[PDB]
C-alpha cells in the first residue's frame, strides 16, 4: 500500500507521543485537512502491531463530539498512518500551563466535558487507561472551547464494572492505586485520573509528585494528597469534595463518571 503517501500531503508537526509523531496533513482530492498520527513500524514487534490495530478498532467504535474521530488507518512499507480529524487548539496541557490554572467555573466546564467523553467510553465498555492533559485536545483556543479525548493507544475493552489485570500501563502521575498495587482493575481507573486532572485544573500542579518515582507511587497508593494554602483557600469545599470522591483509593468506593456528572459543583450552575 502507498494509499497514504499519494492521497495525502504531509504538513507541520502538531505534537509527539512516546514513539509517534502527529503531523497536519491535507487530503489531495478535497483539500481537507486532517491530523496524521505517524508510527514507524519497522521498529515494532508483533504485540505492538496488534496494539495499533486495537487502537484503530476502538477509535472507530466510539462516536462522540468530545472524542477524536478516526478517518483512516493506512499501513505502508515502514510506516502506519492513523488519520484523525484535526483539532486545532493544542493540548489541554498547554492551555493549563499557559493560564496556570482555571477558574472554578472554567474548570467545572472543562471537567464536565472530559467526564462526558470518559462516561461515553465506559457505557460503551471501554477503559482508556491514559487520561491526562496531554491526551485531551481543545477544539480551539477560546475560553470554554470543546475538549476532545485523544490517544486510544492503551484503551481496552471491559464489560460493566468487571475488573481484571490488564497489565501495568498508563502515565505515572495519573496511575491509579489498584494498577500500582497490581490488583485487577477496570473503568474506575479513568476516574482516578480525572480526579488528578481536576486537581491540576484548579491549582496548576498535581496532587501526587515526587522526584523519586518509588515515593510517587507510594504516595498514590496511599492516596496521600492535601490542599496546601494559600492556593486552595479560595477554592470551594464543594470542588474539593468532588476531587476527594474521584481520588478514593478503593476503586469500589470510587465515584463513577455517571454520578460525577451529577455533582453539585458541576451541575449547580
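Residue numbers count along the first chain shown, from 1.
Trainee: Out of 239-247 and 197-205, which stretch has the higher average CA B-factor listed in the record?
Mentor: If you average the C-alpha B-factors of 239-247 and of 197-205, the larger mean comes out for 239-247.
Trainee: Given the B-factors recorded for C-alpha atoms, which segment has the greater mean, 92-100 or 70-78?
Mentor: Higher mean C-alpha B-factor in the PDB entry: 70-78.
Trainee: Looking at 145, 111, 86, 121, which one carries the largest C-alpha B-factor according to the PDB entry?
Mentor: Checking the PDB record, the top C-alpha B-factor among 145, 111, 86, 121 is at 145.
Trainee: According to the Cα B-factor stored in this entry, which of the following is highest: 159, 117, 135, 171?
Mentor: The listed residue with the largest C-alpha B-factor is 159.
Trainee: Looking at the entry's B-factor column for C-alpha atoms only, identify whether residue 140 ranks in the lowest, middle or highest third of its chain.
Mentor: CA B-factor rank for residue 140: highest third.
Trainee: What third of its chain's C-alpha B-factors does residue 43 belong to: lowest, middle or highest?
Mentor: According to the entry, residue 43 has a C-alpha B-factor in the chain's highest third.
Trainee: State the tercile, meaning the lowest, middle or highest third, of residue 176 with respect to the CA B-factors recorded for its chain.
Mentor: Tercile = lowest for this residue's CA B-factor.
Trainee: Report the third (lowest, middle or highest) to which the CA temperature factor of residue 221 belongs, ranking only the modelled residues of the same chain.
Mentor: Middle third by C-alpha B-factor.
Trainee: Is the Cα B-factor recorded for residue 214 in the lowest, middle or highest third of its chain?
Mentor: For residue 214, whose C-alpha B-factor we compare with every modelled residue in the chain, the answer is the middle third.
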